[PDB]
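*Asks:* The structure is given below, and queries will be raised subsequently.
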Amino acid sequence: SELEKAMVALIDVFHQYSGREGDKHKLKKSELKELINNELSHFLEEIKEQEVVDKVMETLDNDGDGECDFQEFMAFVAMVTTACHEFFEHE
Amino acid sequence: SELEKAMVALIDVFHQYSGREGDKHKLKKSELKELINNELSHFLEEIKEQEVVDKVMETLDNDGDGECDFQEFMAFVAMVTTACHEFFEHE
Amino acid sequence: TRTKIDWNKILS
Amino acid sequence: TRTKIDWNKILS
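Protein chains in written order, with the UniProt record's numbering: chain A, 2 to 92; chain B, 2 to 92; chain C, 265 to 276; chain D, 265 to 276.
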């Protein structure tokens, strides 16, 4: 059942923050970072300092190299995870 | 906080099923499918019939084109989601 | 990736 | 992807 809550769990995160200007379905350095430091204050891992995040969100910048939407963050938690969490999940 | 439960939520799914033979960190057509039909019986979406799944797990086969581990399923729920859930999440 | 579902061959 | 973290340039 986790697959159902975890799935929408991600969506809600972006659907809650992303969508302030009007177009929605996109997140800027302020929308993503703040959110991360907002939801992930004790368990970041994928986000160390403030400067790194900017590069982090940029490392996934696929849309227009401008900001990160739902597809950019979805690939993030997945890319960052699927890679290290793979065998690094232990350490 | 969903990011913390959803993250491990995925892991637990593979960490619970994957790891029967011994090597672990891998899932076969039986481990994945059954699990999906086990956890996702009312909300599949990414899995329609039995034959399709085989191709589905094969569509992501990155390891040795043999089975799907944590990195294969992680990219799945993410690929399948990040793509359609992107704008199709509405419909 | 939008309507291509990104899977690969299954949905294509 | 194993130890490459898969991110891209940030961690490389």
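Each residue gets a CB set at the ideal place from its N, CA and C atoms; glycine is no exception.
Measure the beta-carbon distance from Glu-3 (chain A) to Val-14 (chain B) and round it to whole angstroms, keeping in mind my assumption that it falls under 8 Å.
*Replies:* Residue mapping note: residue 3 (chain A) aligns to position 2 of the first sequence, counting from 1. Residue mapping note: residue 14 (chain B) aligns to position 13 of the second sequence, counting from 1. With a Cβ gap of about 6 Å, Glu-3 (chain A) and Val-14 (chain B) count as contacting.
*Asks:* Report the three-state DSSP secondary structure of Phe-89 (chain B) (helix, strand or coil).
*Replies:* Start at 1 with the first residue of the second sequence, and residue 89 (chain B) comes out as number 88. Reduced to three states, the DSSP call for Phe-89 (chain B) is coil.
*Asks:* Using 10 angstroms around the beta-carbon of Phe-74 (chain A), count the other beta-carbons present and answer buried if the total reaches 16, otherwise exposed.
*Replies:* As a first step, residue 74 (chain A) is located in the first sequence; it is residue number 73 there, counting from the start. Looking at its Cβ environment, which holds 16 or more other Cβ atoms inside 10 Å, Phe-74 (chain A) is buried.
*Asks:* Consult DSSP for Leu-28 (chain A) and reduce its assignment to one of helix, strand or coil.
*Replies:* Sequence index remark: in the first sequence, residue 28 (chain A) carries index 27 (1-based). Looking at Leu-28 (chain A) - three-state DSSP - the assignment turns out to be coil, as it is neither helix nor strand.
*Asks:* Rank A:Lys-34, A:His-86, A:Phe-88 and A:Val-53 by C-alpha distance to the C-alpha of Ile-274 (chain D) and give the top, closest one.
*Replies:* Locating residue 274 (chain D) in the fourth sequence gives position 10, where the first residue counts as 1. The candidate whose alpha carbon is nearest that of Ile-274 (chain D) is A:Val-53.
*Asks:* Can you give me the start and stop residues for the alpha helix (DSSP H) that residue 95 (chain A) sits inside?
*Replies:* Since the first and last residues shown for chain A are 2 and 92, residue 95 (chain A) lies out of range.
*Asks:* Taking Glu-87 (chain A) as the query, report the chain D residues whose CB atoms sit under 8 Å from its CB, ordered along the chain.
*Replies:* Here residue 87 (chain A) refers to the residue found at position 86 of the first sequence. In chain order: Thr-265 and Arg-266.
*Asks:* According to a CB-to-CB cut-off of less than 7 Å, which residues of the stretch 67–88 of chain B neighbour chain F?
*Replies:* In the structure shown, chain F cannot be found, because the protein chains are A, B, C and D.
*Asks:* Give a yes or no on whether the minimum CB-CB distance between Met-8 (chain B) and chain A is below 8 Å.
*Replies:* Against the second sequence, residue 8 (chain B) aligns to sequence position 7. Chain A, which has a Cβ nearer than 8 Å to the Cβ of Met-8 (chain B), makes this yes.
*Asks:* Of all the options B:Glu-50, B:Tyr-18 and B:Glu-46, which has the alpha carbon lying nearest to the alpha carbon of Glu-68 (chain B)?
*Replies:* For this step, residue 68 (chain B) is matched to residue 67 along the second sequence. Measuring from the Cα of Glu-68 (chain B), the nearest candidate turns out to be B:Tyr-18.
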